[PDB]
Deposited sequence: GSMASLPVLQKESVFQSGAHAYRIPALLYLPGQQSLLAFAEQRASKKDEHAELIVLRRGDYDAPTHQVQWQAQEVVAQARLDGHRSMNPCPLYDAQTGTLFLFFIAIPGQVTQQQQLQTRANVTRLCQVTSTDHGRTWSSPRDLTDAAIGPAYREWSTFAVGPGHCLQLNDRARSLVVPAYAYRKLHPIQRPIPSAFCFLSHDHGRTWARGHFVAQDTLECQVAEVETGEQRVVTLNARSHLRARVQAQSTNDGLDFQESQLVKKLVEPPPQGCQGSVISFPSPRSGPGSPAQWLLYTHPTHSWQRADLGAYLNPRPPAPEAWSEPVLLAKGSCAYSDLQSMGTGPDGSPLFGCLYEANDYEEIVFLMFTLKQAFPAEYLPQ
């Protein structure tokens, strides 16, 4: 009946003078440290978002616990006159550059407004750091160079939220998951579709991948090595009572085999954000997928961990394991290497209790799916 016993469970953000939503977790392997980001908002409402805050947590091997340093605002992560949303972190292991992608929206202009008027005013931005978050560069607006001509074709858009992906292709490409509302019919209202932004030069230039032929929203991507190639699995939010899963054989440019995965429930009326990561298989496939998302048929509750030992086969998704009882919403996963018990170690940030705190969970595969051992 109880939720899963884990290595650590600590609230790293709490409502106070500000509210905190939309978690993003990024693991730094060389430091054995985590960077937890979140939207520091004036209230729980989406349009009250303001700045992005951060906390550095250092894993202590002797105690197998993470001690977090004090939170601080990423002062540089903002455009004058705009509120910052959707933190999407990414570390470039080759350049030693830490990236924080996010969107900036004028004052409190809502998503609803952009949708009803078919008028886009959202900006795509970023900030970088060479000392693991100690200091940040000035912000940079990537809208023109990354969206350009397509801007007028979308009512609005967003990235992530959550960790991004750096591929294992020769260029070590940066992949930023996203979605946009497409103006397709003169009368019918624009339909949203997932897609990815792509950079093959360590963040110098960007491009837009193609859309998932389905009414899809927020998504995340993970890279899996099959017996023949590297594939990018995309897991997206949907309003059809089930998640939509698609696959790409060309590093994010095209997604196919789009379909509903009835085993992964989505609550009404439009679903909820979820997270997906790949990690070293304990054993044919080299990597397995772990996914976290609410498991309730009618509301956002009971965060579950799902395992796919035969990725990306839709019917291979396991039944969920209960990670947290009650109100649970957005989440973000990170693989942290080998844990204290020899099995894959995981870090997970998730919204809990009617959006009043963001909890950090650390557990292993042995703890979550013991039947595997």
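Quiz item: What portions of the deposited sequence, indexed from 1, have no corresponding C-alpha atom in the structure?
Solution: Missing CA coords at 1 to 2, 286 to 289, 380 to 382.
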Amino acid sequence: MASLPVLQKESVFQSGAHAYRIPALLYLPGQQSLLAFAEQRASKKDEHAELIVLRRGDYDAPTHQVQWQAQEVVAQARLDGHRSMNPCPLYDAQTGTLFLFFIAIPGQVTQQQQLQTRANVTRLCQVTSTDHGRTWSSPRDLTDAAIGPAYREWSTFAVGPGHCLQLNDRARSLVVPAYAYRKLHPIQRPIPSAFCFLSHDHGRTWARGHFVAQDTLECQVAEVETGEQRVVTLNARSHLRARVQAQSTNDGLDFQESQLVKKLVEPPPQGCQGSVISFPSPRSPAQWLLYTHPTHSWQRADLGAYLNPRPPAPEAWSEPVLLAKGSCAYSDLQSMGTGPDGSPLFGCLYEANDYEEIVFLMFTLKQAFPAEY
From here on, numbers count along this sequence of modelled residues.
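Take the two forms, superpose them, and find the largest set of C-alpha atoms that agree within 1.5 Å; that set is the rigid core.
Self-check item: Core-fitted comparison in 4 other deposited structures of this protein, 142 to 150 vs 81 to 89, farther C-alphas
Solution: Of 142 to 150 and 81 to 89, the stretch deviating more in 4 other deposited structures of this protein is 142 to 150.
Quiz item: Taking RMS over all structures and residues, which stretch has CA atoms farther from the shown form in 4 other deposited structures of this protein, 265 to 273 or 201 to 209, after a rigid core fit?
Solution: More C-alpha displacement in 4 other deposited structures of this protein shows up in 265 to 273.
Quiz item: Thinking of the other compared PDB entries, is residue 115 one of those residues unmodelled in at least a third of them?
Solution: In at least a third of the comparable entries (those modelling both sides of it), residue 115 has no coordinates.
Quiz item: Are coordinates for residue 47 absent in a third or more of the other compared PDB entries?
Solution: That residue is missing from at least a third of the other compared entries.
Quiz item: Hey, which bit's got the bigger mean C-alpha B factor in the entry, 153 to 161 or 115 to 123?
Solution: The entry gives the higher C-alpha B-factor average to 115 to 123.
Quiz item: In the PDB record, does 206 to 214 or 170 to 178 carry the higher mean Cα temperature factor?
Solution: It is 206 to 214 that shows the higher mean C-alpha B-factor.
Practice problem: Sort 129, 86, 235, 94 by C-alpha B-factor from the entry and give me just the highest. | Solution: In the PDB entry, the greatest C-alpha B-factor among 129, 86, 235, 94 is found at 94.
Quiz item: From 48, 56, 325, 64, can you pick the one with the highest C-alpha B factor in the entry?
Solution: Most elevated C-alpha B-factor of the set, per the entry: 48.
Self-check item: Among modelled residues of the same chain, the CA temperature factor third for residue 283
Solution: CA B-factor rank for residue 283: highest third.
Quiz item: Once the chain's modelled residues are ordered by C-alpha B factor and cut into thirds, is residue 313 in the lowest, middle or highest one?
Solution: Top third by C-alpha B-factor.
Self-check item: Where the record places residue 255 (Cα B-factor, split into thirds across the chain)
Solution: Its C-alpha B-factor, which the entry lists for residue 255, ranks in the highest third among residues of this chain.
Quiz item: Where does residue 199 sit by CA temperature factor within its chain: lowest, middle or highest third?
Solution: It falls in the middle third of the chain.
Quiz prompt | Record-listed C-alpha B factor of residue 277: chain third | solution = Lowest third - that is where residue 277 ends up once the chain's C-alpha B-factors are sorted.
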